[PDB]
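A.B. asks: The following file, coords13.txt, comprises compact mmCIF, C-alpha atoms:
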# COMPACT_ATOMS: atom_id res chain seq x y z
CA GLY A 1 43.01 1.11 43.02
CA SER A 2 41.22 4.31 41.94
CA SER A 3 42.00 7.65 43.67
CA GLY A 4 41.91 11.45 43.08
CA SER A 5 42.02 14.86 44.81
CA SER A 6 40.49 17.49 42.45
CA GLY A 7 38.74 20.23 44.54
CA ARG A 8 36.64 21.56 41.61
CA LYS A 9 33.62 20.96 39.29
CA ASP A 10 34.24 17.25 38.42
CA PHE A 11 32.48 13.97 39.45
CA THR A 12 32.49 12.98 43.15
CA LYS A 13 33.68 9.44 43.87
CA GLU A 14 29.94 8.71 44.43
CA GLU A 15 28.99 9.68 40.85
CA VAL A 16 31.99 7.62 39.53
CA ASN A 17 30.63 4.71 41.64
CA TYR A 18 27.30 4.88 39.76
CA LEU A 19 29.14 5.44 36.47
CA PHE A 20 30.88 2.04 36.58
CA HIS A 21 27.99 0.44 38.57
CA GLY A 22 25.77 1.39 35.60
CA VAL A 23 28.17 0.50 32.73
CA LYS A 24 28.87 -2.94 34.40
CA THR A 25 25.25 -3.94 33.61
CA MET A 26 24.12 -1.30 31.04
CA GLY A 27 27.08 -1.31 28.75
CA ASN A 28 27.60 2.10 27.09
CA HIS A 29 23.92 3.20 27.50
CA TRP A 30 24.48 6.73 28.78
CA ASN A 31 21.00 8.32 28.87
CA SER A 32 19.80 5.12 30.57
CA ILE A 33 22.54 5.40 33.28
CA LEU A 34 21.73 9.12 33.78
CA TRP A 35 18.13 8.14 34.61
CA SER A 36 18.91 4.83 36.44
CA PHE A 37 21.17 6.35 39.17
CA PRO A 38 21.10 9.58 41.23
CA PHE A 39 23.39 12.10 39.45
CA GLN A 40 24.15 15.86 39.62
CA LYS A 41 21.17 18.01 38.53
CA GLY A 42 21.44 19.64 35.11
CA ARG A 43 23.78 16.83 33.87
CA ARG A 44 23.69 15.65 30.26
CA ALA A 45 24.17 12.01 29.25
CA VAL A 46 27.36 13.16 27.47
CA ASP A 47 28.94 14.08 30.82
CA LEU A 48 28.92 10.34 31.65
CA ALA A 49 30.52 9.37 28.31
CA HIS A 50 32.94 12.30 28.64
CA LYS A 51 34.04 11.50 32.21
CA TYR A 52 34.20 7.78 31.23
CA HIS A 53 36.43 8.71 28.29
CA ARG A 54 38.89 10.41 30.72
CA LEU A 55 38.55 7.44 33.12
CA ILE A 56 39.60 5.00 30.32
CA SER A 57 42.35 7.52 29.36
CA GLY A 58 43.79 6.59 32.81
CA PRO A 59 46.50 8.56 34.72
CA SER A 60 49.07 10.78 32.89
CA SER A 61 49.09 11.58 29.12
CA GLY A 62 46.28 14.18 28.93
Would you put the structure from the file into structure tokens?

C.D. replies:
Amino acid sequence: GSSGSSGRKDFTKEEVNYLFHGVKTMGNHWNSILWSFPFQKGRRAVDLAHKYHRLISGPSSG
């Protein structure tokens, strides 16, 4: 289970696919993921780490 409904500048469910798809092999290698999978133009590798952070901060509390 993994759902959401934010109609604003955030990751699509497609980018979050590649996020975990990457980390599941890569481990925490963020620049590597950013290059390995198709992601939003003008991204930084931090955006991956930063979204991931909120993903592992789960629902509620934040």

A.B. asks: One decimal, in Å: what's the spacing between CA of residue 2 (chain A) and CA of residue 31 (chain A)?

C.D. replies: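 Computing the Euclidean distance for CA of residue 2 (chain A) and CA of residue 31 (chain A) yields 24.4 Å.
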
A.B. asks: Name the residues in contact with region 4-21 of chain A at a cut-off of 7 Å, using only C-alpha atoms, excluding same-chain residues fewer than 5 positions from it; report them as a count of residues only.

C.D. replies: 3

A.B. asks: Contacts of residue 49 (chain A) at 10 Å or less, counting all atoms listed in the file, minus same-chain residues fewer than 2 places along, as a VMD selection string?

C.D. replies: chain A and resid 19 28 to 31 44 to 47 51 to 55

A.B. asks: From the block you just saw, export region 51-62 of chain A: N, CA and C atoms, as a PDB file, in the first residue's frame.

C.D. replies:
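Result written to selection_35.pdb:
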ATOM      1  N   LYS A  51      13.039  13.523  -1.081  1.00  0.00           N
ATOM      2  CA  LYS A  51      11.761  12.858  -1.215  1.00  0.00           C
ATOM      3  C   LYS A  51      11.786  11.553  -0.427  1.00  0.00           C
ATOM      4  N   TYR A  52      12.852  10.767  -0.559  1.00  0.00           N
ATOM      5  CA  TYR A  52      13.072   9.500   0.121  1.00  0.00           C
ATOM      6  C   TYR A  52      12.955   9.670   1.620  1.00  0.00           C
ATOM      7  N   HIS A  53      13.629  10.677   2.164  1.00  0.00           N
ATOM      8  CA  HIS A  53      13.504  11.095   3.550  1.00  0.00           C
ATOM      9  C   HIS A  53      12.021  11.186   3.933  1.00  0.00           C
ATOM     10  N   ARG A  54      11.221  12.000   3.235  1.00  0.00           N
ATOM     11  CA  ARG A  54       9.787  12.103   3.526  1.00  0.00           C
ATOM     12  C   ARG A  54       9.053  10.781   3.321  1.00  0.00           C
ATOM     13  N   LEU A  55       9.466   9.955   2.359  1.00  0.00           N
ATOM     14  CA  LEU A  55       8.863   8.643   2.162  1.00  0.00           C
ATOM     15  C   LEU A  55       9.109   7.762   3.389  1.00  0.00           C
ATOM     16  N   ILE A  56      10.320   7.738   3.950  1.00  0.00           N
ATOM     17  CA  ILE A  56      10.636   6.955   5.146  1.00  0.00           C
ATOM     18  C   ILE A  56      10.206   7.664   6.446  1.00  0.00           C
ATOM     19  N   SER A  57       9.773   8.925   6.378  1.00  0.00           N
ATOM     20  CA  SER A  57       8.994   9.594   7.419  1.00  0.00           C
ATOM     21  C   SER A  57       7.503   9.229   7.382  1.00  0.00           C
ATOM     22  N   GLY A  58       7.053   8.454   6.389  1.00  0.00           N
ATOM     23  CA  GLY A  58       5.741   7.821   6.386  1.00  0.00           C
ATOM     24  C   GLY A  58       4.578   8.825   6.429  1.00  0.00           C
ATOM     25  N   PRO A  59       3.346   8.365   6.703  1.00  0.00           N
ATOM     26  CA  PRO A  59       2.170   9.219   6.840  1.00  0.00           C
ATOM     27  C   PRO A  59       2.069   9.814   8.252  1.00  0.00           C
ATOM     28  N   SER A  60       1.438  10.989   8.371  1.00  0.00           N
ATOM     29  CA  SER A  60       1.328  11.785   9.598  1.00  0.00           C
ATOM     30  C   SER A  60       2.694  12.115  10.234  1.00  0.00           C
ATOM     31  N   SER A  61       2.687  12.931  11.294  1.00  0.00           N
ATOM     32  CA  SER A  61       3.869  13.490  11.941  1.00  0.00           C
ATOM     33  C   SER A  61       4.851  14.102  10.932  1.00  0.00           C
ATOM     34  N   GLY A  62       4.506  15.284  10.404  1.00  0.00           N
ATOM     35  CA  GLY A  62       5.389  16.097   9.581  1.00  0.00           C
ATOM     36  C   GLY A  62       4.643  16.822   8.481  1.00  0.00           C
TER      37      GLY A  62
END
